[PDB]
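An overview of the molecular structure
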Amino acid sequence: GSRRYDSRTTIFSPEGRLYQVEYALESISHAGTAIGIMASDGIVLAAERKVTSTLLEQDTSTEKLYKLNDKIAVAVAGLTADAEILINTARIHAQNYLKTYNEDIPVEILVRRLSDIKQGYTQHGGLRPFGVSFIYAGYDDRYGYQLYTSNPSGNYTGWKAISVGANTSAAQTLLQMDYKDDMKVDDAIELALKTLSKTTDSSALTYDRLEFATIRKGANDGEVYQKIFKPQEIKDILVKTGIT
Amino acid sequence: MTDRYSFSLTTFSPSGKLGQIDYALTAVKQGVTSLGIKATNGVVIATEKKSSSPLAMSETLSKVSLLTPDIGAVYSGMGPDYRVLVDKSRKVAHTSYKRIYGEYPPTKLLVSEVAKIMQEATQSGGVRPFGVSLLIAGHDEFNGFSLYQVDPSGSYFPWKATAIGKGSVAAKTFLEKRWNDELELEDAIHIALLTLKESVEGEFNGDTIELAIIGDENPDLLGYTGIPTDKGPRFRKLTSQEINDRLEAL
Amino acid sequence: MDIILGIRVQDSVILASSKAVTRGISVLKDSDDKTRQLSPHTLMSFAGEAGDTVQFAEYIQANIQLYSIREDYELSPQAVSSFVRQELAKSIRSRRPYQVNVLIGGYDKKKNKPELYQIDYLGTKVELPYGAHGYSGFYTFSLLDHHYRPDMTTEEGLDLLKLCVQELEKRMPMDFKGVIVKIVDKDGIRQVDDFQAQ
Amino acid sequence: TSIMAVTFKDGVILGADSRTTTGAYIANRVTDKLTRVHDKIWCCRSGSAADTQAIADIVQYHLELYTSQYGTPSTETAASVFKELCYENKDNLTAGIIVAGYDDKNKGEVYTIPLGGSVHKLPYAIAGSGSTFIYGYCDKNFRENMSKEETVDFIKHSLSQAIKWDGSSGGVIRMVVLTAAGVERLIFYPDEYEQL
Amino acid sequence: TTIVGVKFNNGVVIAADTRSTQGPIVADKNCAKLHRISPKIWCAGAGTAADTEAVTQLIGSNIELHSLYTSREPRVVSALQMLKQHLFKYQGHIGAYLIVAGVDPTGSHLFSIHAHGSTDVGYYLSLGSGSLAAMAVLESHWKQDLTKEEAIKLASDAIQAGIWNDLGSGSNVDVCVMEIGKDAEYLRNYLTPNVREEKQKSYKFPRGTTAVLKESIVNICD
Amino acid sequence: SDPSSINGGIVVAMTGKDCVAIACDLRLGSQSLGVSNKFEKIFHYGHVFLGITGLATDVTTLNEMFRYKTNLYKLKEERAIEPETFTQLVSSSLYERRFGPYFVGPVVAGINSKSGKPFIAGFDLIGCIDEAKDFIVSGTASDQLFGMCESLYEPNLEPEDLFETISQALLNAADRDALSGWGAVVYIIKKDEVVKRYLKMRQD
Amino acid sequence: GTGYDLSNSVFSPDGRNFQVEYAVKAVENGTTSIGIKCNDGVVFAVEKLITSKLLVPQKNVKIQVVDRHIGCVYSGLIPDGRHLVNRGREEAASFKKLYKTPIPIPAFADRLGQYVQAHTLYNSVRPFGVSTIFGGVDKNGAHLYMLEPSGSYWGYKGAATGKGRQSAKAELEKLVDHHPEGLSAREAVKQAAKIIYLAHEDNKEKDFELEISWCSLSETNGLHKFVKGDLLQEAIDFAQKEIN
Amino acid sequence: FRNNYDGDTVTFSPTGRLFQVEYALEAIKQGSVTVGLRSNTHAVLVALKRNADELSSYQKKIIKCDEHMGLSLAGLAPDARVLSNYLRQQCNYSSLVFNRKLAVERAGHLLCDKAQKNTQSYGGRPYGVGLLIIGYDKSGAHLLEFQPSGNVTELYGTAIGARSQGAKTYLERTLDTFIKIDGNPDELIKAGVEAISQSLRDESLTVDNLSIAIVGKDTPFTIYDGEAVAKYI
Amino acid sequence: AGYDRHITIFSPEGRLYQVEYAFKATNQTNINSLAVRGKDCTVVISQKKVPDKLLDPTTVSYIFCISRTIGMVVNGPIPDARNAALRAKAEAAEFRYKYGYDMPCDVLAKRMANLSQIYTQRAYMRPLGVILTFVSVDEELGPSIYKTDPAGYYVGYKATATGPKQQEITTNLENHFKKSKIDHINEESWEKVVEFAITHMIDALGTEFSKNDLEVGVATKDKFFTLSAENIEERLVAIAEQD
């Protein structure tokens with residue numbers, strides 16, 4: 001029969017651990033680092049592009065920061081293709097919610113749903129889990145600015161500042177060292193860049209190797225704005241913060 | 001009977017690697033070289049027609065295929081896999097786009113569709129990843145010209161120029177030297193022909209090389225007249241003759 | 001049909017619903033409460049086909065309560081109404097549609113404003129100062145079109161209904177056995193046990 | 001419509017008028033009601049054009065796959081396929097088909113599948129609106145083993161009468177000769193058959 | 001609607017009027033009834049407009065995919081077979097009546113299809129409410145071996161018979177020629193014999209004529 | 001009985017010089033009973049405008065649907081949908097319900113952001129597109145609107161003029177239809193700006 | 001490596017399918033049975049080992065008929081053989097129903113063939129453990145066939161399988177050489193009885209029971225019938241005589 | 001060897017054996033003995049009922065399938081329930097649809113075919129029980145031996161179970177004798193009890209330990225247990 | 001791990017052993033075949049070997065009539081060969097039904113190749129140990145030869161050969177064409193093309209043939225048929241009166 005070739009992706013180890021989840025996380029650990037920092041007036045998402053070339057078209061590129069809603073975005077760490085599958089279903093779930101209640105989906109509801117989908121590949125079906133971890137950065141009128149993180153297991157949690165991908169241990173200590181509850185978006189933008197700058201496995205931290213995004217509530221308006229920085233914009237903010 | 005293989009054939013190893021995707025990539029590495037260069041007014045994709053016997057008719061075997069009238073593809077790796085991928089790509093361009101919006105899909109989205117098809121063969125039950133890497137070149141009104149690469153994992157990336165297969169490392173290096181953001185289409189076609197020469201062992205002419213471009217609209221290739229808005233396909237495969245002419249200026 | 005009326009005043013929404021349940025030749029009950037509380041600040045009245053009426057109300061009630069517990073939050077009246085409209089809109093194109101008309105009155109704690117939604121069995125939703133379902137609208141819309149003011153107090157609102165209910169008791173062919181009135185405001189939902197003579 | 005099939009000494013002949021109407025209007029005056037399901041197995045269609053065309057197309061498909069696997073099919077087998085489709089789908093079809101083929105062992109054969117989906121093997125068969133008018137005539141003039149020329153004459157006369165009385169029939173008279181010699185198409189214009 | 005098809009010595013031509021109607025009211029005074037299945041296979045349709053248009057695109061879509069798969073030019077018989085089997089499947093509920101014509105590696109073809117799925121072949125065909133007015137013309141002037149020009153005339157004349165004599169038809173005449181060796185040429189509004197005379201007066205209103213209650217700007221940007 | 005005559009209502013669109021206009025009445029009734037006089041029938045996704053007459057529940061459902069579809073379109077395409085494209089999306093979406101249609105009469109109006117060209121189109125309940133350059137009409141008083149438009153209309157009207165023309169067409173047509181009226185709103189659209197005006201009209 | 005013989009559809013390095021080959025072993029381990037094609041029909045006969053005096057003589061029949069003109073006999077796992085006949089019977093009924101004419105022998109052969117070949121395509125099924133000899137008279141002559149567990153089959157003048165397939169084939173070959181004009185139905189029945197008696201030596205330890213059946217255009221009108229009584233005894237003797 | 005080819009019924013061993021089936025056959029041998037024999041007018045089933053404790057019952061081994069048919073089991077009881085139930089339906093169907101009693105020979109064919117399916121497909125398991133079927137149809141008395149392999153044989157008499165070999169040799173000896181016990185049921189039964197005891201060893205067939213069933217010419221298949229078999233001990 | 005050799009998944013070298021072993025099976029019958037194109041015909045030659053004296057030689061063939069216009073010769077075990085044949089016949093009949101014209105040789109080839117590609121990617125289906133050579137005189141392409149293998153690969157040939165001694169026949173044919181400078185046998189009759197085919201089959205294999213050692217299939221405009229022992233004999237005689 002076929003039983004002979006079945007890896008049994010959804011079983012427990014004698015220690016009560018899920019093999020595939022553990023190995024998928026191991027995979028995630030080699031992915032470009034992604035950082036999320038939540039300030040009083042906004043959220044910052046910064047990620048390091050894994051592997052690049054002179055010929056890579058950075059303008060038309062995106063492999064880490066994706067827009068889910070107009071008020072929610074995610075930073076990716078892991079298999080880009082796996083991420084896109086989950087990102088798309090996430091985008092649909094946001095719209096079903098809107099079409100149903102005529103209100104934008106509250107951040108946690110969208111995050112929980114996506115996490116439940118992952119949890120599924122963990123308990124049934126015999127398929128491999130998704131090799132992806134997300135940092136969600138969104139805003140809603142019930143909890144305001146929020147930062148979440150979900151991984152292959154299907155577990156998700158909220159944070160003031162957090163990282164996923166490679167060198168998370170190092171990045172978390174650096175963040176847990178200079179983060180302050182009353183920070184400001186611009187402060188976070190800087191903290192983020194510094195952290196990546198110290199954890200990178202590369203020579204220097206140039207703009208071509210980065211993706212940046214901020215979700216602010218532009219005072220001169222009253223609504224929430226998502227800004228996915230363009231190459232030039234990242235190059236600027238890079239000089240200013242003193243990384244040139 | 002009945003496919004009882006409902007579990008994944010691609011799983012994570014203790015190291016975090018997905019073996020089958022790695023192995024698929026290895027298959028791609030053994031494949032004949034193929035490349036693509038983006039110019040300011042067009043894109044060029046090309047590859048070697050590695051005929052498997054002088055008795056075979058290399059024309060009856062196109063490595064370069066049209067997906068939509070403004071999008072073409074070429075690959076490196078397992079030919080048969082590429083073929084069915086082109087069939088699926090041509091169809092999804094209709095089912096998931098033309099039949100909904102009444103216009104062909106922009107290059108990024110079709111690439112995204114193809115990538116999805118490949119990602120699934122990485123997680124669905126009972127299958128192996130596709131043993132190919134594609135290079136898709138196209139043009140759409142709001143995005144202009146673009147060039148993408150889609151790997152067995154389902155990951156894709158946009159390029160200014162790049163190469164895949166056998167001597168991809170060497171070719172990529174040669175391209176980095178000759179590329180600039182002011183190249184005209186003819187310039188790219190030339191740069192393309194030069195890069196490909198380093199990868200070809202034997203005969204190097206318009207019969208051993210297959211090359212196509214995404215450039216201006218070819219009203220002469222439309223098949224009909226009378227509708228101003230319909231100007232013709234931007235995708236054109238160069239003829240054996242058209243290639244040779246450019247080889248004498250090599 | 002049954003009497004289903006609703007009127008949104010200054011700081012609240014008042015819902016008046018007939019107490020009779022008649023089947024053929026007999027008036028089986030005269031103290032029927034044609035309403036279901038969807039959430040602490042959202043009330044829904046309903047009238048229509050014999051069984052579909054309550055089955056639908058309780059079904060919607062169950063779903064809203066489930067939402068409340070899952071999110072530990074109360075959906076705004078606008079959100080609850082949108083959910084009900086979609087449910088009915090699905091229903092109209094199903095094998096056997098729910099033949100139910102409803103009025104949803106709720107107090108939006110976030111906006112601090114009362115809201116009245118009228119939705120028929122086809123999934124037709126509209127927000128109004130005052131609404132009615134069935135034959136009542138024929139005698140109460142012009143009444144209210146005359147005696148209604150946006151700044152009315154809850155007390156003026158109850159007087160207004162009383163005026164509607166009297167017109168309905170004079171010209172309507174059926175004996176709907178009076179109404180049960182309920183008030184929805186910033187403090188929840190309470191019933192006016194004294195309307196039999198207010 | 002007026003169609004018929006007649007077996008004779010050398011094989012079999014199929015004939016038909018060329019008029020298809022939608023009400024009193026002649027939608028097509030040069031219709032070809034003689035349909036080929038196989039080299040030497042043809043049929044005459046009456047009833048719903050949409051239905052009979054779909055039927056024939058399916059049959060042709062079945063005989064083509066049959067041939068691929070088991071060689072040339074007997075006319076009896078072709079008639080069996082038509083029957084299977086007509087009987088099994090009797091509630092949704094309005095088809096009256098005359099099947100006529102030429103075999104080497106069986107010479108010419110004619111099968112008629114009327115509305116119900118029943119099958120009847122006969123020396124010759126007539127059908128279609130116009131057929132009612134030539135029952136008497138055909139019964140009185142048909143002889144077994146006629147010569148090609150005699151048979152062509154019998155069909156030509158019979159149909160000329162059907163066309164004469166039935167307004168749903170008319171145009172030209174088409175024929176198909178099926179013998180060991182091969183297949184021959186014949187046509188006859190009004191100016192000829194109208195004066196018989 | 002009046003649509004016609006006329007075969008000529010080296011090809012085929014199809015024409016149609018341009019009036020679209022809902023009941024007795026003219027909704028579109030100049031719609032295009034000539035559809036393209038493939039570059040050289042064109043179709044004209046009468047009946048439920050949405051159906052002729054949807055069925056034409058569906059089969060056209062599959063014909064393109066088929067052409068790419070087989071590396072061959074689409075064949076009219078293929079569009080014919082695909083169309084009919086589809087219409088047949090839907091027992092006439094897809095009210096599509098079409099005259100499909102075109103040229104391909106096997107020659108030039110002229111066919112007609114009905115909603116229930118039956119097909120016809122001939123040298124001259126007409127469909128629609130103008131069907132009879134047109135056919136009367138075709139039955140009076142058609143001859144074998146018409147030149148491209150004679151065919152255009154005959155076809156154009158047939159559509160006119162409809163425009164003038166049929167209330168379900170009017171406005172302009174659209175033509176499309178398909179010649180065995182060249183590209184197919186679509187002639188949008190090949191004839192425009194119904195131009196509205198200049199109006200007797202101008203109804204431009206003096207600004208301020210309309211009573212406004214409230215005004216405001218609408219936000220388009222995100 | 002007739003789903004398209006239960007609620008009532010009308011919508012009309014016209015092209016002008018480098019501008020387009022789409023207008024509708026505000027009525028929503030149940031047969032003879034007027035119920036709401038705030039039921040607007042024009043919506044917009046990005047710079048593309050959509051008006052829908054017919055069964056109110058379908059009007060609402062379709063709006064929620066196209067918002068849903070245009071939102072995903074923007075997220076994937078990374079640009080706002082254009083009039084021409086949307087018209088196709090509307091058509092296919094309607095035909096997808098060929099044998100159980102939404103009882104509506106949609107109307108699309110907008111300016112192609114890239115070519116600046118003005119665009120309008122109408123559809124029957126199963127998606128058949130009507131692409132007129134001058135005007136599209138829809139609703140229970142469509143015969144009237146056809147009469148008004150055909151008479152009052154003239155090419156390249158300026159925004160301020162097209163406003164008078166469209167408003168006069170809507171208004172006078174509505175006044176000869178028992179199921180239309182009860183308020184009205186007009187939309188003047190130009191490449192850069194859009195003005196919305198509520199007209200004063202008979203309330204009977 | 002190894003293990004290429006544990007799953008049914010697996011190709012071994014030398015391009016073989018061991019499970020099918022092992023199925024063959026089950027066949028060779030079975031009773032011997034044969035088929036002789038005569039000038040207007042075919043004869044089938046098989047060896048029926050008498051385990052004990054308890055077996056009611058003449059009762060446990062092995063030859064099976066399909067439709068009314070086909071005869072089938074097999075060696076190997078008997079239950080598998082019945083399964084294959086059940087299929088052939090459906091296959092035949094289906095064919096008659098659509099084409100009216102009872103199924104031609106060649107056509108029937110492929111039906112059995114394709115079905116058997118199908119069981120060598122998946123690892124979720126086991127190949128058939130029987131070689132089957134079958135045939136009959138159709139529109140154009142008589143046909144004899146033998147089908148292997150591989151699904152392979154060919155037309156035969158004479159055929160044998162099972163324990164004594166060699167003795168049988170040896171005998172059959174003699175007949176083929178000494179009768180280029182064609183044996184007769186009556187003759188073949190006898191010849192058959194002998195060949196079984198001869199081929200029984202490879203199992204001379206246990207006593208057996210003979211079973212013959214035939215289909216002859218002249219002797220049975222083209223219908224398959226079992227040889228019984230006098231005609232049977234007459235053939236039993238013709239053998240008992242030439243065995244000494 | 002064997003260990004690599006006995007994982008499931010869909011695997012052939014290098015010598016052409018199906019071990020899973022053979023292991024099934026092994027559950028039969030471990031099962032209590034039962035005997036079957038017939039004359040020309042009757043068919044009898046004698047079975048030794050086995051008990052767990054001396055506080056437990058002696059598990060029934062004979063099941064009636066129809067007024068004219070029945071069987072005895074040796075192996076997995078549940079599997080016999082399944083198979084007998086199937087046989088009860090096949091019998092039932094024959095009567096309701098054709099108003100015809102099912103031929104004992106056909107019952108065998110149906111049983112063989114049902115068993116065979118569980119030996120060619122992945123996931124299933126062979127039936128682990130042996131069956132002895134007796135019945136009186138339009139061609140007289142009958143006795144069938146059913147093995148999970150799918151092999152069904154018609155005999156004059158036989159036995160299956162532990163030490164079944166004793167009774168079997170005895171019947172192969174007594175053959176000419178019992179086969180002629182026509183018109184006398186008590187004699188066939190006695191001849192059966194004598195055959196079965198040829199397989200005893202542990203104890204002796206008692207009253208609540210012996211079970212007999214009979215069918216024939218003018219005898220609807222009936223089971224005799226306890227006191228009813230006392231006159232045979 | 002070691003199972004990357006039992007089912008169709010990649011080996012660390014990016015290879016698919018099962019497909020490779022399936023190729024091995026294609027030689028199991030030790031038969032060689034070749035196909036060449038005429039001016040307006042296509043011929044296929046294939047060795048016919050009947051070992052057993054108990055076999056009915058008329059039923060031993062590896063050439064199939066897929067459709068009125070398409071012929072196919074198989075190199076591999078007969079059961080897989082017949083599975084491929086039935087499928088191809090079905091595929092061709094359906095194609096004509098749905099599209100209204102005869103399925104072209106190259107198209108059926110692509111279709112069969114795609115089906116094969118699938119056994120190459122889905123684990124529960126095994127590849128077929130056969131190589132299919134399709135031939136016809138296409139109404140658009142003229143004489144055609146398209147061959148597919150267990151990898152799902154296919155291409156058109158000017159001529160081709162398949163089997164154990166495929167290489168000897170190929171180089172022989174290659175040489176003849178390097179000489180003639182054209183991509184086909186310049187002969188008006190198919191009889192001469194059949195002769196040419198048999199002739200070179202002999203030179204390359206260094207073997208003589210009797211009327212019962214070969215099997216011949218011919219494809220002409222509107223028809224593909226196979227030759228009889230006698231039609232071959234007549235062919236063998238003809239070549240004899242030249243050497």
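Residues numbered from 1 in each chain as written, not as in the entry; some residues may be left out. Chains lettered and ligands numbered in written order. Part of a larger assembly, values for the part shown. Heavy atoms only, no water.

As recorded in the PDB header, X-ray crystallography is the method behind this entry, and the stated resolution is 2.70 Å.

Next up on the list: unusual backbone geometry. Negative phi characterises most residues that are not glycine, and trans characterises most peptide bonds. Of note in this structure, C:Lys177 is not a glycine but carries a positive phi near 50°. In this fold, C:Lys177 is placed in the loop between helix 4 (154-171) and strand 11 (179-185). At H:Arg163, a position not held by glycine, the phi torsion is positive, near 60°. On the secondary structure map, H:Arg163 appears in the loop between strand 8 (157-160) and helix 4 (164-178). On the accessibility criterion, H:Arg163 (43% relative accessible area) is partly exposed. (Helix = DSSP H or I, 4+ residues; strand = E, 2+ residues; numbered from the N terminus. Buried < 20%, exposed > 50% of the residue type's maximum accessible area, 1.4 Å probe, protein only.)

All names here are of chain B. Among the six residues in strand 9 (residues 209-214), six count as buried, and that is most of the element. The two faces of strand 9 match: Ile-209, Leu-211 and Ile-213 on one face and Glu-210, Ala-212 and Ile-214 on the other face are all buried. Two elements, strand 2 (residues 42-48) and strand 9, share six bridges in a ladder whose sense is antiparallel. Bridge pairing in strand 9 links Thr-47 to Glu-210. Here strand 9 runs beside strand 11 (residues 235-237); their pairing, made up of three bridges, is antiparallel. Each residue of the ladder has a partner; that of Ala-212, found in strand 11, is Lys-237. (Pairing = 2+ DSSP bridges.)

Those residues of helix 3 (residues 137-147) of chain C that fall on the buried side of the exposure criterion are C:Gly137, C:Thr140, C:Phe141, C:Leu143 and C:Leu144. For helix 3 of chain C, the buried positions fall inside an angular range of 165° around the axis, keeping them on one side. Within helix 3 of chain C, the exposed residues directed more than 90 degrees away from the buried face are C:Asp145 and C:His146. For helix 3 of chain C, the elements touching its buried residues are strand 1 (4-8), strand 8 (113-119), strand 10 (130-133) and helix 4 of chain C together with strand 4 (33-36) of chain F. (Arc of directions from axis to C-beta. Contact = heavy atoms within 4.5 Å.)

What follows concerns the packing of aromatic side chains. Tallied over the full model, the rule gives 57 aromatic pairs over all chains. Ring centres of D:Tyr70 and G:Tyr99 lie 6.4 Å apart, and the angle between their planes is 70°; on these two criteria the pair is classed as edge-to-face. Here D:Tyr70, found in helix 1 (residues 49-70), pairs with G:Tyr99, found in helix 2 (residues 78-99), and the two come from separate chains. G:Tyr99 shares its class with D:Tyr70; the two are buried. Counting every residue linked through ring pairs, the aromatic cluster contains G:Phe18, G:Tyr22, H:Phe1, H:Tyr5, H:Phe19 and H:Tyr23. Positioned over the ring face of G:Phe238 is G:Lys241, at 4.8 Å from the centre of the ring. The ring centre of G:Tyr153 lies 3.7 Å from the NZ or CZ of I:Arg82, which sits over that ring. (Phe/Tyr/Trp six-rings, centres within 6.5 Å; stacked < 30°, edge-to-face > 60°. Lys NZ or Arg CZ within 6 Å of the ring centre and 35° of its normal.)

This next bit is on the arrangement of the chains. At the level of C-alpha atoms, the two units chain C and chain E stay apart, their nearest approach being 20 Å. What separates chain F from chain H at the closest point of their C-alpha atoms is a distance of 43 Å, and the two make no contact.

Next up on the list: the state of the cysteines. By the definition in use, this model includes zero disulfides over all chains. For E:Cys43, which is in no disulfide, the shortest distance to another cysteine sulfur is to E:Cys176 and amounts to 11 Å. Given a relative accessible area of 0%, E:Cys43 falls into the buried group. Between H:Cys91, a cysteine without a disulfide, and H:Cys65, which holds the nearest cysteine sulfur, the sulfur-to-sulfur distance is 6.0 Å. (Disulfide = S-S within 2.5 Å.)

Here we take up the sheet that holds strand 7 (residues 95-102) of chain D. Residues and elements named next belong to chain D. Pairing is antiparallel in the open sheet, where five strands are placed in the order 5-6-7-8-9. Among the strands making up the open sheet, the edge pair consists of strand 5 (34-38) and strand 9 (120-122). Recorded for the sheet is a direction-independent mean angle of 25° between the axes of neighbouring strands. Taken together, the seven bridges between strand 6 (residues 41-47) and strand 7 define a ladder with antiparallel strand orientation. Looking at the pairing, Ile-41 lines up with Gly-101 of strand 7. (Axes fitted to C-alpha atoms, helices over the stretch in contact; angles between N-to-C directions.)

Across the boundary between the two partners, chain A contributes ten residues, which contact seven residues of chain F. In this structure, the connection of chain A to chain F is made through five residue pairs in polar contact. The greatest single-element share of the side of chain A that touches chain F, amounting to seven residues, is contributed by helix 2 (residues 80-101) of chain A. In terms of residue class, the side of chain A that touches chain F is built from three nonpolar, four polar and three charged. (Polar contact = N/O pair within 3.5 Å; in protein donor to acceptor, adjacent residues only side chain to side chain. Nonpolar A, V, L, I, M, F, W, Y, C, P; charged D, E, K, R; others polar.)

A separate point is a negative patch on the surface. There is a patch of like negative charges on the surface, built from A:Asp70, A:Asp104, A:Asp221 and A:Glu223. Tracing the backbone through its elements, the reader meets A:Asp70 in the loop between strand 3 (65-67) and strand 4 (72-78). (Patch = residues over 30% accessible without salt bridge, like charges linked within 9 Å, V, L, I, M, F, W, Y side chains within 5 Å. Areas by Shrake-Rupley, 256 points an atom, 1.4 Å probe, with all protein chains shown as cover. Salt bridge = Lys/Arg side-chain N within 4 Å of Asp/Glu carboxyl O. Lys, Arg positive; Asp, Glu negative; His and termini not counted. Charge placed at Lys NZ, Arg CZ, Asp CG, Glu CD.)

All right, on to the sheet that holds strand 5 (residues 129-137) of chain H then. All names here are of chain H. As summarised here, the arrangement of the five strands in space is 3-4-5-6-7, forming an open sheet in which the pairing is antiparallel. Looking at which strands have only one partner, the edges of the open sheet turn out to be strand 3 (62-66) and strand 7 (152-154). Neighbouring strand axes in the sheet, compared pairwise and without regard to direction, differ in orientation by 20° on average. Pairing geometry for strand 5 and strand 6 (residues 140-146), over seven bridges, is antiparallel. Residue pairing for strand 6: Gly-135 is matched across the bridge by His-142.

A separate point is the nonpolar core. Within the largest apolar cluster, 114 residues are counted, with the highest numbers of intra-cluster contacts made by E:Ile37, E:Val100, G:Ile34, G:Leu172, G:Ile212, I:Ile66 and I:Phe134. Setting aside anything within four residues of it in sequence, one finds E:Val100 in contact with E:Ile37, E:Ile41, E:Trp42, E:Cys43, E:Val76, E:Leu80, E:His109, E:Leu110, E:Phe111 and E:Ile113. Membership of the second largest hydrophobic core comes to 57 residues, among which are C:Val126, C:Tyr130, C:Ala132 and F:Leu28. (Core = buried A, V, L, I, M, F, W, Y, C linked by side-chain atoms within 4.5 Å.)

Between chain B and chain I, the contact holds 33 residues from the first and 33 residues from the second. The contact between chain B and chain I buries some 2,800 Å² in all, and 62% of this surface belongs to carbon and sulfur atoms. When the buried area of chain B at its contact with chain I is split by residue, B:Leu55, B:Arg83 and B:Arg128 rank highest and sum to 26% of it. Run the count over chain B and chain I and you get two salt bridges. With a closest N to O distance of 3.1 Å, B:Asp87 and I:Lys110 form a salt bridge. (Buried area = accessible area lost by both parts, 1.4 Å probe.)

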